[PDB]
Structures are given as C-alpha cells and as structure tokens.
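Novice: Respectively, the protein sequence lines represent chains A, B, C, D, E, F and G. Converting from the first sequence to the numbering used here requires adding 84 to each position, the first position being numbered 1. Converting from the second sequence to the numbering used here requires adding 1369 to each position, the first position being numbered 1. Converting from the third sequence to the numbering used here requires adding 1369 to each position, the first position being numbered 1. Converting from the fourth sequence to the numbering used here requires adding 406 to each position, the first position being numbered 1. Converting from the fifth sequence to the numbering used here requires adding 21 to each position, the first position being numbered 1. Converting from the sixth sequence to the numbering used here requires adding 134 to each position, the first position being numbered 1. Converting from the seventh sequence to the numbering used here requires adding 269 to each position, the first position being numbered 1. Note that the Cβ used here is the ideal one computed from N, Cα and C, for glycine as well.
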Amino acid sequence: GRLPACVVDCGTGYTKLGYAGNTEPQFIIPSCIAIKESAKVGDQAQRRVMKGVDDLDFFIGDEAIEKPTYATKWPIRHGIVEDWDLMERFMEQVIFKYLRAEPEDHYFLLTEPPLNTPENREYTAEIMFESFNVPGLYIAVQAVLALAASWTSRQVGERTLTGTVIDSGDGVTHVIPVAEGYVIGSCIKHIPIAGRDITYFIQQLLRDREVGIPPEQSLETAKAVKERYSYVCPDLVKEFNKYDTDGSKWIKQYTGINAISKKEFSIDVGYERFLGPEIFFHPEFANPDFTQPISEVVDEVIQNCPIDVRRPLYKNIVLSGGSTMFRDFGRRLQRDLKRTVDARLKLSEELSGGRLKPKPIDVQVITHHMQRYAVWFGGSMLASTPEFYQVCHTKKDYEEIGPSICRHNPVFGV
Amino acid sequence: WXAXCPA
Amino acid sequence: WXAXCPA
Amino acid sequence: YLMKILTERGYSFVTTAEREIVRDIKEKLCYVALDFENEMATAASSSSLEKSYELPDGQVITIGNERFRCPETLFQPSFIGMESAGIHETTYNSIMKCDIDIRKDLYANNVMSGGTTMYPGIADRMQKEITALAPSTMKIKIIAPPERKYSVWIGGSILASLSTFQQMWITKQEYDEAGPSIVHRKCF
Amino acid sequence: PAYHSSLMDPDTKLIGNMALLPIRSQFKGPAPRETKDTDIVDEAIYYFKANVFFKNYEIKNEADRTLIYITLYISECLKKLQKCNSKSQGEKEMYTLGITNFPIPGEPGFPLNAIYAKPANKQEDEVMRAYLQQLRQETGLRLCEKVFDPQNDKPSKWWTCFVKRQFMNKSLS
Amino acid sequence: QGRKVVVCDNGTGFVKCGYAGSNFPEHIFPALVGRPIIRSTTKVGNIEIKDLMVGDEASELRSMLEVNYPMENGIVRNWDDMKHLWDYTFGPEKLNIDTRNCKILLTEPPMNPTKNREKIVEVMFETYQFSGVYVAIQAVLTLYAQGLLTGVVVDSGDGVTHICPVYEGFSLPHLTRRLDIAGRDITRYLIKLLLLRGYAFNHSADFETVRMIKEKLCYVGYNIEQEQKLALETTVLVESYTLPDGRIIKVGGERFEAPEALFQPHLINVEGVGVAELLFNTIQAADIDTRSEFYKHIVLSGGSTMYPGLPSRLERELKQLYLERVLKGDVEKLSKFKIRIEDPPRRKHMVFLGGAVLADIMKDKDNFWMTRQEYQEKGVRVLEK
Amino acid sequence: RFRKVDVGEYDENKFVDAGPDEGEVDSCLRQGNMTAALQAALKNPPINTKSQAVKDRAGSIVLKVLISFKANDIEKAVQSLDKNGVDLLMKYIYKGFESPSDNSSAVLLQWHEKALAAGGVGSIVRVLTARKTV
Ligand SMILES: Nc1ncnc2c1ncn2[C@@H]1O[C@H](COP(=O)(O)OP(=O)(O)O)[C@@H](O)[C@H]1O
Ligand SMILES: Nc1ncnc2c1ncn2[C@@H]1O[C@H](COP(=O)(O)OP(=O)(O)O)[C@@H](O)[C@H]1O
Ligand SMILES: [Mg+2]
Ligand SMILES: [Mg+2]
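1) Between the C-alpha atoms of A/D481 and A/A209, what's the straight-line distance to the nearest angstrom?
2) Can A/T408 and A/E380 be called in contact, C-beta distance under 8 Å?
3) Please list the partners that G/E278 has in chain F, where partner means a Cβ-to-Cβ separation under 7 Å.
4) What is the DSSP secondary structure of A/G136, reduced to helix, strand or coil?
5) When you compare the segment 177-187 of chain A with the segment 154-169 of chain A, are there three or more beta-carbon pairs, one atom per stretch, that lie closer than 8 Å?
6) Tell me where the beta strand (DSSP E) around A/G220 begins and ends.
7) How about F/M440: is its Cβ closer than 7 Å to a heavy atom in ligand 2?
8) Does DSSP put E/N77 in a helix, in a strand, or in coil?
9) From the DSSP output, in three-state form, read off F/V370 for me.
10) Could you please give the first and the last residue of the uninterrupted beta strand (DSSP E) stretch that includes D/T468?
11) Mind listing which residues have their beta carbon within less than 6 Å of any non-hydrogen atom of ligand 1? Chain order is fine.
12) Report the partner residues of A/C90 according to the DSSP bridge assignment.
13) Mind listing, in chain order, the continuous alpha helix (DSSP H) runs of no fewer than 4 residues lying wholly within the segment 201-225 of chain F?
14) For a test of the three-state rule: what should DSSP assign to F/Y278, helix, strand or coil?
15) Can you tell me whether DSSP reads A/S468 as helix, strand or coil?
16) For G/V285, would you say it is in contact with chain F, using Cβ-to-Cβ distances shorter than 8 Å as the test?
17) Could you name each continuous alpha helix (DSSP H) segment of 4 residues or more that falls completely within the segment 481-558 of chain D, going from the start of the chain to the end?
18) Report the residues of the segment 392-415 of chain F with a CB closer than 7 Å to any CB of chain G, ordered along the chain.
19) So that I know if they touch, is there some Cβ in chain G lying closer than 8 Å to that of residue 114 of chain F?
20) Quick one: does F/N336 have its CB under 8 Å from some CB of chain E?
21) Under 7 Å: does the beta carbon of F/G145 sit that close to some heavy atom of ligand 5?
22) Going by the DSSP bridge assignment, what does A/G95 pair with across the sheet?
23) What would DSSP say about E/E112, mapped onto helix, strand or coil?
24) Name the one or two DSSP bridge partners that residue 534 of chain F has.
25) List the residues of chain A whose Cβ lies closer than 9 Å to the Cβ of F/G332, in chain order.
26) Put F/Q398 into one of helix, strand or coil per three-state DSSP.
27) Go through its chain and collect everything with a Cβ distance to residue 521 of chain F's Cβ below 7 Å, but skip five positions before and after it.
28) So is A/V321 in contact with chain E if we call contact Cβ pairs under 8 Å?
29) From the DSSP output, in three-state form, read off F/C142 for me.
30) Can you tell me which of E/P31, E/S26, E/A52 puts its alpha carbon nearest to the alpha carbon of E/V148?
31) Under 7 Å from any heavy atom of ligand 4, does the C-beta of F/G291 make it?
32) Considering Cα atoms alone, identify which of A/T236, A/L229, A/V267 is closest to A/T246.
33) Measuring only the C-alpha atoms, how far is F/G408 from A/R173?
34) Below 8 Å on the Cβ atoms is my guess for F/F259 versus F/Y509; work out the distance and round it to an integer in Å.
35) List the DSSP bridge partners of F/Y456.
36) Run through chain G and tell me which residues come within less than 9 Å of F/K453, C-beta to C-beta.
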C-alpha cells in the first residue's frame, strides 16, 4: 500500500495538476494568483511586507479571477520568472488546499522549459528541500513525457521510441527530437512566439476593426480563437479576396455576455479566423526579431543530426499541445516538409546522374487525443516506474553538496 | 560539401 | 603495440 | 584510405557510423584491376565504369576510379606511406627463404583465406605477378575456394573433432599447478 | 518580402531606377495602354491586404520599388478617405490628392530615399513627375470603385482598419 | 607579363590581397555580400546604396543589408556570388590590375575536392583571361615566412581546421586530418548560449555583430575545473560591450566555454577527439626519427588561433598526453621534454608574407606557372604537384 | 583520463625561497618588573628556526606575559621600546592572537590599538608582507 507520488506540470499557462497512476489530470487551473497589494508608493524597498496575517490573505485559481479588489498578477512569463515568491505561495496553496499532500512523505516531479537557466532550477530545488522537505525530487524536459503519451495513439504494444515533438505553450513552443530514447542536445531551438502573442494580435486588430465591447472583458472576447473560430489556410491572398468578394457567408458573429451589466453585445468575425493560426508559419507578423518559419526550422533541426537517424525521425511527428489544436495544421506542415525534402533530394540527384530512383522519403503527421495535455501522463508513468524512486535526488545529496544536484541539463557537459 | 556537411 | 605502431 | 579518397571526390565521412557505411560500400562495390595504368586510362573515358550507391538517407553517391584504387594499396603500400612491400613481394621473399626443394611444392599450392581477399580478380592478379617474378619455366596455380571467409572456423571444428586432439587440451589442474607459462610451450 | 512583385519582363524600360511598367488608364500621361486588365495597380491592390502585415521587403526586381511606392501612397489615400461621406466626395478627395506635390524620389521628405535613385538630367525629372501623377490618379480611381459599397455609402471598416498599420512603420507624411 | 604579380587568399571569411615583396598587405577586406533590404522595425535610408555591394562597406552598413556568406569550409556554393566578389576586388577601386598581363598566386585549402580548383582556374582563364596562375599549399606559404624546413602546422580559420606536417622539407601527405570546427562554429555557439541568457538573435546581420564581442571578451582557459569553479564562486569575470544601438548585454560565463569546443567537439555534435589529442595521434602514427623534430618545432597559424591562452592549453594537453600514454605517470622522466610553440606576432596574416617572398624569387623564371597557352589544349590540368 | 593529473611539476622556482627562554621571564614576572618580562619575551626571536616547538613556546610565553598586564601601564610599556621592537611586538601579538579560549581577546585588542597609535599602518603592512615565518 505504498503512497503514490505527486505529478505537477507547472508553466506559464494553465497549470496541470493531479496525482500519478491516474488517467485524467483532475485539476487544471490557471496561474492567476491574488494578493493584497494596493497603491503604496514605496514599492521598491518593501515590496509588500503585509502586516500580521494579511500576507496569506490571497486566493488562487479560477476563483481568483472574480475578486475585483486585489491584483491578478501572473508570476510566470514564457518560462523565465521575475519574482518567485508568488510561485512559492501558489505551490503551498495548491499542495495544501487542492492536492492535500504532505511533502515529507511524497515525491514531486516538476517540469520546466528547456531554456530555463540553471540558476532558477537550482534555487527552486533549494526552496523545495528547505521548506517542503520533500524526500525526493526530479525535473526533466516535457518532450519525453509527450513522446510516452503519444504511444496511446495506436499500437501501444509496438515500441516506438524514435520521433520528434513540437510542443506548444502559453509563451513558448519548442522542438525536440528523440532518437531511440536518446535526444540530441545541440539540435534544439527555442521559439519565442506562442499561443499568447497570437491573442494579443487578435485583440489589437479587433480593437480597431470593430467596436461594441468593454475594455475589461477583452480577453474573453479575444478567446474566439479557442472556439471553432480559426482554420489554417494553404493560401493567404486567395482567402483574402474570397472574403473581400463575398464577405457575406464566410463572416461569423459573436454573442458574448457582459460580466458587469448583463447586457448582450455582439461583433462580427473577420480576417482573424485564419491570420492568427497562420502566424505560426509566418512569425514575422508579431515578433520582428524572429523572421523564421517553423516547418523549415523542423527540417533544419532534423538535418543537423546523424544520417542513420534522419530517416525514422521524419516518420514520427507528434501533434501534442494546445496551440496545435488548430485544424489542418498537420496537413500544412506535412505538405511543406514533403515539398522541401523532395526538392532537396532532386537537387542532390541532379548533380550526379543515374537511371536509378530513390524510394521517396515518407513524412506523416499523426493526429490523436491528448493534444491539450501530453505532459501529465508522462509524469504519471515517470512516477509509476520503480527506477524513479532510485534516480531521484536524495536529501543527503542536497544536505552538503548543495542544490546543484538538480543542475543537470540535456544541452550541457564538460 | 555536396555530400556530408553543407558546403 | 607498445612501441612502434599503435596497438 | 577509401575515406580519404572519397573526400577528394567530394563526399565526406568522419565518424564511426560513416566508417561502417564506407565498409559496406567497399564490401559491395570494390574490385581489383589487372593493369593499373590501363584502368586509369579507361577511367579517363569515364562512361562505362562509374556506379551508383544508395545511402540510408536516400542520397546517391557515384564511385569511379575509387573502386579499383583502394585495393591496389595492397600491392602498393607506398600509397599510405608505409615503407614495406606488397603481398606478392612478401610471399616471394618468404618462399625464397625456404629450402630449394620445397619451393616447387609451395609454388604448386597457394592457399589464401580471410575477408580481405574476396575481391574479384585478386587471384588472377596474384598469379600474374608471381609468374612474372618467378622463373617462367614451371606452373603456378592459385586456389580460391568460395568459402574462405569461414575457413578458419571450419579448420578449428575439424581439429577439435579429431580423436588424437582430445588429449592435447589444457585443463585447470595442470594450468594451476604449472602456471600461465604452460601455453607458451604448448605448440609455440 | 515573401509576397514580392511579379509581371516584370526584361523588355520593360526604366526611368533612372523605377520600371516604367504600362498602366491602363483613361487619363493622359507618358504611359501606354494595355488591353489586359492586369497591371501594376491591380496587383498592388490585390496584395496590399497582406503586404502591410510583413515587416520586411527584399527588392528582388525593380518593380518592387513601384509596388512599395504604390502601397505607400495607398496608405495615405485610405487615411484621407476614412472620413468620406459620398462617392462623389471620395472621388473629389482622391482627385485633389492626385494633383498635388509630394516628395519626389531623390529629394528630401521621401522615405527610404537611399534605395531610390537621384535623377540628374532635366527631362527625366518631369518624366518621373508625370509618371507618378498618372500612377496616383489611377490608384485613386481604382480605390473608389471597391472601397465604397452599394449600401451605407460609407468607407467599409474592413478597408480603413489598416489606417494605423503604416507600411514599414512610416508613411509619406 | 609586365613583371606585375598580386597574391591573394580567397578564403572563406576574409579575403586578403597585395603585391609581392611587401612586408604587410596593402588592402584587407572581408567577404560580405548582401542585397538591399528594408526592415519595417526601425531605420530608413540615409545615404547612397547600390543593388549589389560587398567589401568593407558592408562591415559599416550591414544594418540595411541582407548579408550572406558565399564560401564556408573552402567549398563552392554560389558560383555567381563568387564571380561578383571577384569582379569587385578586380575592379578599378580595389586592385585596379590589368588581367591580360598579370599573374596571381592562389592558396587553396589542403584536402579539398578538385572541382573547386578546376572551376576557379577555368574562371580565371576564361572570364578574366589571366596570362598565368598558380595554386600553393599553406605549408610553404607559412613555413617560408621565417625560414623553417620542418614542422607541423595547426592552421585554423573560418571553415575547417587542417594539418600538414613536413619533415626536412619533403611532404608527408599520409599524416593530415580534417575536423569540422572553426570560428564560425564557435559563433553559432556563443549564440545558442547568449540565447539562453534570454536574448533573441537572427542569422542575417547579428552574426557579424557578435564578431566584435567574441574578439574582445571571448577567451580560452588553462584548466577547465579551476575556471568553472571561479565562475560559479565569483562574478568578477563579467563584462559587456556597447552595441551599435546602445543596448547593453551581460556576458560573464558564456565568454569562456565557447572556445572549449575546440578541445571538446562533443559540445557541438561532433565525434571529434580534440586538437591536442589529434596532434599527438598524428605525431605518434608517423615514424620515430621525426617525432622529436616535429615536437620541437610547431607553429600556431591562422587568425582563429589568436585566442588568448590557446598556446598554454595546447602545451599542457600535449604534456599530459606524453605523461599518460608513454610514461604512465612517471613525472621524473618528463622534465627534460621540451616544446617551443612558434607564435609570430603577425599571426593575423602570414600566408600573404609567404606568397610575397615566393614571388620575390620565383618571378624571373617562366617555368613555374600554368601559362595561358596550355589552357587551349586538351589532356590538360594537373600541370604540377 | 588526461588533464585530470596536474602538469604543474615544473622547474622554474616557485619561489623555492635563537629561541626565547623561560627562566628570565619567570624571574621578571615574580619580581614584578613587567617591562623587563616583556623585553625578555621579545628577545631572541625565532627568526631563523624550523620547528613548531620554539614557535609554540614563544607564542605561549608572549601570551602569558601580555595577559598579566593591567590597563594602566600599557602605554608606558609600549613607549619604552624601539620601532623595530614595536614591529616585532605586533608580530608576536598577531601570532598569539589566533590562540582562542582563556579570554585572550581584550588585552590583545588593547595592545593592537596602542600599536596602531604608535606603530601605525606601516606595522600592518610589514606583518602582512613578510614571507619570513616568524
Ligand atoms: N482548443 C484550443 N484552441 C486554440 N488555442 C488553444 C486551445 N487550447 C489551448 N489553446 C491555447 O494553448 C495555450 C495553452 O497551452 P499550454 O501548453 O497547456 O499552456 P502551458 O505552456 O502553461 O502548458 C492557451 O493559451 C490557449 O490559448
Ligand atoms: N580575434 C579573433 N577571435 C576569434 N576568432 C577570430 C578572431 N580573428 C578571426 N577570427 C576568426 O578566424 C576566421 C578567419 O580567420 P582567417 O584565417 O584570417 O580566414 P582566412 O583563412 O581566409 O585568412 C574568422 O571567421 C573569425 O571568426
Ligand atoms: Mg506549456
Ligand atoms: Mg587565410
């Protein structure tokens, strides 16, 4: 009757929560955290210093949105965190109220973006070992968890370790290949554009292309993206002229409800049905620094690894992540990759003649469930493995060596 | 290069 | 080898 | 040497995986040349000798003179920079160092084995070279069984099956009492 | 950038740096008449709905300069036409905007003046003047026929929403 | 002929030109090419510009240009780009030379495909119609600037590294090896790391931006363990540089590990063995009478070897190899072993010196070059070697 | 398994580079002439001697002599000395200063204060830059 460990997938967006050895993440709540801050002016020599017990006088989760007298302040920003005191407060609140798990008799696994600096991991591990006194800890990249969860798509019994994952995120979407359990360290790239700035662009365009909404209830209006309201588009200008020609049937309407005066307000739906999701393959719209597509990045990263691994990698691309829920995404990526790889093969064959014909490279995109969350099941299987109880860093290791035990990274080595 | 490496 | 040639 | 020349052609291979790839390529698309200069001249007219190989990634590599260049290193060690002689010269020297009478028998019987002697035409080239070096008054014969790869294993199995060899083995008792030096005196 | 110019044969002439690509117009200028409806202005209007979003533009051919200039002028045309009331009023505004004195390339007041050339001889100056005036008039005549709609006789919000999305972050003004 | 000869090294990163019998190069310009581009982010046209521009002007006006590199690792990618660069350097404002009555010296990298040499010589003979040309190996162009008839070259630069040991003058082709490491790669890596720090960078012009930062701040270490402990125990090694836009960035730890890829190619996905280990293996694989002479005389050629501290790391590594793989830790016999790395002050440009000195004495006699006449015949090329 | 070993076995010289008594000090102590006791303690320093015995003997004797003093004549004791004597003194106090326990702090602090008042920062400089194991 051994107690199960605890599985947590922290991040910038909706933080997944639940226990190991289970088939559904029970709690999925935002990162919004309340605080009894107000208007002091001395805010850089006493940030808060709440007198008495007012320090803990703050809510958390979905209940924290509807508190109109505090401040909703997200602690995370695309992985990197400025102030981690809010993170500690959120962690204690969750573990006690929601999870109800005693740290001294439980094992915690945490997930961080691959670009997280060593200092943040070291100091969060130190904080955990000092305050929570967790017997064991383990941090790993989320790509492998997604790969493990991808087995459920079809033929679980057929072991398939090779592949590559392009995961989404509220502020980051990364690319990580797997070569029979061992990933490549140098063949990893970080994409800054993600599923948040897209909504920023949507609302920015909407605030001028339409009127009839209140400033407060903007994001709820901007969340038409999460609805059926965005389809990807093999061509841009074609659909532009399609809308500018008819502009009658392709236009949709919004019927949101105000959260203050309970007065209905409506606005039409325009070019944003596709432009947002199209920004992924044209990031230049939002971020001027990163004028680089995604599919070509995928082929480049897959072309910077040994020959024997290039072939199977193209065959296994996993559709996991919230921002990847957009329809026809896989078709576009598959078609683009096939076109570029076929062109490269033809160029290679042109220089050296021959009547032969190489077997065409096969690129296939797999669509399945688990797309919204592919890290939780990986953590559950992580906990269920007995070897996890042995690999996890121990207390005595942190006792005198320090929190450096958690500094191991997949893209470092001397 | 033509085969192996880019150049 | 030890002296001469590698092996 | 094959990797080095493949570099001169335009194809680069450094790590061990490409070492295995080049090993397979040599195993599949290499042969010896009866005449080096004539083969080079025919390569100057490169329209019937080039061959193509399919890499795992799908890239196609065209190999020309390299097919008959690397094997020639056996007969011309100077290519790698080794101050030695070829297999033909070494065999001639070894046979000459033997007694005169047994030279005839040694010439009449020349067994070859190993995985490096499967290149087609190697036997003919060796025969031609030996006859050119040796006096042109007797007959030199080359025997090239088609299963020379596992000849050593077959010989070991046959030797083990021999009844007389059942007593020549080295057991734990005698080894422990005598010591590791026993094997040195066991048939040299 | 990705959606650069098209329809530029090598036989096309030039004026210093720009490509004197024919434009079909009932007005008068130093340009010929092309029977096909396709021309520089049609492509510019077709691609303006997307060129603004991008933040770069490589001038693969000389027609890229013409596309840049036409889109830049269209930005100002849309900005000035947002306050329109009647189709006749919009046409009047576009006409009085076409017959103006805007910064000619090679002179101050012109953005990205480095890319464009500086005319030297006298005749090319008025040649370019007339060519640009004809282009402006044709653009004005082309916008008025699609910007307005048979109903509500007002500038469609869809076509004036890009008023603040100045090309290359800046306009002629 | 005109008794006029110009020596050039059309390498990968930088291109140097100059006349024979010159102590230092007259003109030094890099290999930068880029079509005009307008960035909607910031900045607009200020001064004149042309459709195709290269040379030093790019180093100053890359802000509004799509800078691209034509050559890397000494191999041909874009024939037209190299043709344009050659036209520019041969124009009346860079060299101003008469093609029909001039001779040139070329220094192609060792161990490269013959197609590049054939293409370049054919281009020079046809497009520009030079009377005669030559191709030389870096070994002579280096050892000939100080009077050395024996040594091992560790020439490193943009592209790939190379080695060409020579004993008593006669060449030893069977003891040269190539590795996929160079300055460009050290750059890609300063980049993955400052990205971690949290800065977003492109691959168009900032690649040239990081060049100065690597030149000033980047340095190599003596012992990895001590330097790493110092970095993690102290923050004095932190330093910055003023960007052209006025932005300020902090780099204290990434400036040290980037050169370590030279001795640890594992960091950049290469199954290398290390420059020092490779040198030791190459020396050992040779004969015996030459090992001591090779060790005694050794040169550190190339601009990518100007990192501060490389000689110390190399000599220490070589001594460690000698101790462990030969003496099995017997330090007493190790004392007498001696090494003297040859590091001339003019390590930024030595090939040009060798070419100038060669042309000084190899100009009067016409039986050295590939004269224009031989080109018109078939069954040609490989004239000398 | 290479650089692991040090290669620092060089040859360049890494700068390869008369004790006190007890009976006289005891006689001075019992006689009460504390100044003579201190003078004898500072006499015959171990300037040239490689042995922990004499070092610890000198440290213990100087510590014991200093401890017995009162905070009225310390200025007189310091004054009746030469500058080199003051430097040697301060060196002895620093040497015995590491000795913990037995409340050997306050008197040493007062002695250091008086030495600073008289010897000055030059004494600190001399004690800090004296490879001479004293
Ligand atoms: N069905 C959906 N359609 C469009 N966007 C979605 C959808 N589901 C999630 N998203 C977007 O993906 C983001 C969440 O992805 P997620 O990776 O779970 O955040 P995190 O990085 O903290 O794990 C949300 O910001 C949301 O906008
Ligand atoms: N001071 C330096 N620090 C680091 N790298 C340098 C330095 N100087 C040059 N380099 C690198 O060496 C490369 C070229 O060196 P160089 O040998 O002069 O090219 P080439 O072989 O054509 O003469 C450059 O790309 C640059 O990255
Ligand atoms: Mg995420
Ligand atoms: Mg050079």
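Specialist: Considering the structure as presented:
1) Within the first sequence, numbered from 1, the residue matching residue 481 of chain A stands at position 397. Within the first sequence, numbered from 1, the residue matching residue 209 of chain A stands at position 125. Going from the Cα of A/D481 to the Cα of A/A209 covers about 12 Å.
2) Residue 408 of chain A sits at position 324 when you count from the first residue of the first sequence. Residue 380 of chain A sits at position 296 when you count from the first residue of the first sequence. Result no, Cβ atoms of A/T408 and A/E380 do not sit closer than 8 Å.
3) In the seventh sequence, the residue the question calls residue 278 of chain G occupies position 9. Going along chain F in sequence order, the residues near G/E278 (Cβ under 7 Å) are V465.
4) The count along the first sequence starts at 1 and reaches residue 136 of chain A at position 52. A/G136 falls in the helix class under three-state DSSP.
5) no
6) Taking the first residue of the first sequence as 1, we reach residue 220 of chain A at position 136. 220-224 is the span of the beta strand (DSSP E), which, as asked, contains A/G220.
7) Residue numbering aside, residue 440 of chain F sits at position 306 when the sixth sequence is read from its first letter. At least one heavy atom of ligand 2 is nearer than 7 Å to the Cβ of F/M440, so yes.
8) In the fifth sequence, residue 77 of chain E corresponds to position 56, counting from 1. Of the three classes helix, strand and coil, the one that applies to E/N77 here is strand, per DSSP.
9) Within the sixth sequence, numbered from 1, the residue matching residue 370 of chain F stands at position 236. DSSP places F/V370 in coil when its eight states are reduced to three.
10) Stepping through the fourth sequence from its first residue, residue 468 of chain D is reached at position 62. Taken as a continuous stretch (DSSP letters only), the beta strand (DSSP E) holding D/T468 covers 466-469.
11) A/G95, A/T96, A/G97, A/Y98, A/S252, A/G253, A/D254, A/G279, A/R280, A/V309, A/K310, A/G405, A/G406, A/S407, A/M409, A/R456
12) Here residue 90 of chain A refers to the residue found at position 6 when the first sequence is read from its first residue. DSSP output for A/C90 lists A/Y103, A/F192 as bridge partner(s).
13) 213-223
14) Position 144 of the sixth sequence, counting from 1, holds the residue named residue 278 of chain F. Residue state, collapsed to three classes: coil.
15) Position 384 of the first sequence holds residue 468 of chain A. Note: A/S468 maps to helix in three-state DSSP.
16) Position 16 of the seventh sequence holds residue 285 of chain G. Taking Cβ atoms only, chain F never reaches closer than 8 Å to G/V285, which makes this a no.
17) 493-502, 506-514, 528-539
18) none
19) As shown, chain F starts at 135 and ends at 519. That puts residue 114 of chain F outside it, with no answer to give.
20) Position 202 of the sixth sequence holds residue 336 of chain F. Answer no: the Cβ-Cβ gap between F/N336 and chain E never drops below 8 Å.
21) In terms of ligand content, the structure shown lacks ligand 5 and carries ligand 1, ligand 2, ligand 3 and ligand 4 instead.
22) Start at 1 with the first residue of the first sequence, and residue 95 of chain A comes out as number 11. DSSP lists no partner for A/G95.
23) On the fifth sequence, residue 112 of chain E is found 91 positions in, with the first residue counted as 1. In the structure shown, E/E112 sits in a helix (DSSP, three-state: H, G or I).
24) Chain F is shown from 135 up to 519; residue 534 of chain F falls before or after that span and cannot be answered.
25) Reading the sixth sequence from its first residue, position 198 is the one you call residue 332 of chain F. Within 9 Å Cβ-Cβ: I164, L199, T201.
26) Taking the first residue of the sixth sequence as 1, we reach residue 398 of chain F at position 264. Of the three classes helix, strand and coil, the one that applies to F/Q398 here is coil, per DSSP.
27) Within the shown structure, residues of chain F are numbered from 135 to 519, placing residue 521 of chain F beyond reach of any answer.
28) On the first sequence, residue 321 of chain A is found 237 positions in, with the first residue counted as 1. Answer yes: the Cβ-Cβ gap between A/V321 and chain E drops below 8 Å somewhere.
29) Here residue 142 of chain F corresponds to residue number 8 of the sixth sequence, with the count starting at 1. It is a strand residue.
30) Numbered from 1 along the fifth sequence, position 127 holds the residue referred to as residue 148 of chain E. Ranking E/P31, E/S26, E/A52 by Cα distance to E/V148 puts E/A52 first.
31) The sequence position of residue 291 of chain F within the sixth sequence is 157, counting from 1. Yes, ligand 4 has a heavy atom inside 7 Å of this Cβ.
32) Mapped onto the first sequence, residue 246 of chain A falls at position 162. For the residues A/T236, A/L229, A/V267, the minimum Cα distance to A/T246 belongs to A/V267.
33) Translated into positions along the sixth sequence, residue 408 of chain F becomes position 274. Translated into positions along the first sequence, residue 173 of chain A becomes position 89. Spanning the two alpha carbons is a distance of roughly 48 Å.
34) Start at 1 with the first residue of the sixth sequence, and residue 259 of chain F comes out as number 125. Start at 1 with the first residue of the sixth sequence, and residue 509 of chain F comes out as number 375. Indeed, because the Cβ distance is near 5 Å, the residues count as touching under 8 Å.
35) Position 322 of the sixth sequence, counted from the first residue, corresponds to residue 456 of chain F. Beta-bridge pairing links F/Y456 to no other residue.
36) In the sixth sequence, counting from the first residue as 1, residue 453 of chain F sits at position 319. Here the neighbours are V276.
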